[PDB]
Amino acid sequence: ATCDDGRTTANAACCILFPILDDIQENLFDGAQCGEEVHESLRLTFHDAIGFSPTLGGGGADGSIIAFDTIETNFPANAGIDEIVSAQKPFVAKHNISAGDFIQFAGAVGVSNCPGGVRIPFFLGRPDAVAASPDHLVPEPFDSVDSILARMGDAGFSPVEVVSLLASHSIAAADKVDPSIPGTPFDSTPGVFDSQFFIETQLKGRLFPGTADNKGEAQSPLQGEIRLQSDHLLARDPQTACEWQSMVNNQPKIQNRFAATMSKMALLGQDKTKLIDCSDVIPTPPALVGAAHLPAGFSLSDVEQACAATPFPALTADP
């Protein structure tokens, strides 16, 4: 199909997305950058979608975190979410798509700005949300591996899918874990969708980048980086460590698995067969910049190897 401005897409219903794309690229993502608002919008996809429990309720990827913001943004695990919700709300009001669609669309557009990134499959047509998520559905950084895996499993994700989804932490920072150092990233390349997160979380912790007694924080290997206790544990726990290590210097796997599992997450509470595939509207991401490496001055002995079956791969270090 050909839209009114000459751009093309497989399904004509998708043409409505092109003006939305242009608006968000400039006015949400600061001219199609992989920066703060991409990171926040990607986090929002998860905090919206994971509000889904057969037992407990919630409609998944339904826009509830915007529609029912007054309730959801006050949940403890949603600390800091209010900022991106407030930023996105006027776009939802201006354009003519549901909040659920907008959240997933913005997340997919944003990820596509990141070198090494992917096009997350995107489907159009989610109805407006009809209920708020229950509280206690979003994992927290002080939760155990058993708890995180049980919660994610309740929503439909296996442990290997959880590891896949955590490639998001390659383009990510924390504002509330240690509020003395807001904006501190989880890897050394928060503008690049790469395996650095899976490398750097495996290093022996050395220091706290800010203060030393924050709940849910582990020692980091680097002054410029923060480590979550959940990521510390997931990198090392026998249930997840082998999958974690398998991401290291495996860009094709990170790409393939993140796109597939993000699509699954974007469709929680939804039925793809009732939606329209608009995947081809998402921009083509740039190729990876940089390659897998240890930080300058580090060596393999600084890696806490946690996969009995397979030794940690030999990586070069920054000069």
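One-based numbering along the sequence shown.
Look at the C-alpha B-factors of 211-219 and of 129-137. On average they run higher in 211-219. 305-313 and 10-18 differ in mean CA B-factor, and the higher of the two is recorded for 305-313. The maximum CA B-factor among the listed residues 271, 30, 69, 62, taken from the PDB record, is found at 271. Among 281, 49, 289, 262, the highest C-alpha B-factor in the deposited entry belongs to 289.
Compared with the other modelled residues of the chain, the Cα B-factor recorded for residue 55 ranks in the highest third.
Among the modelled residues of its chain, residue 204 has a C-alpha B-factor that falls in the middle third according to the deposited record. When all modelled residues of the chain are sorted by CA temperature factor, residue 243 is found within the middle third.
When the modelled residues of the chain are ordered by their C-alpha B factor, residue 105 lands in the lowest third. Among the modelled residues of its chain, residue 43 has a C-alpha B-factor that falls in the lowest third, as given in the PDB entry.
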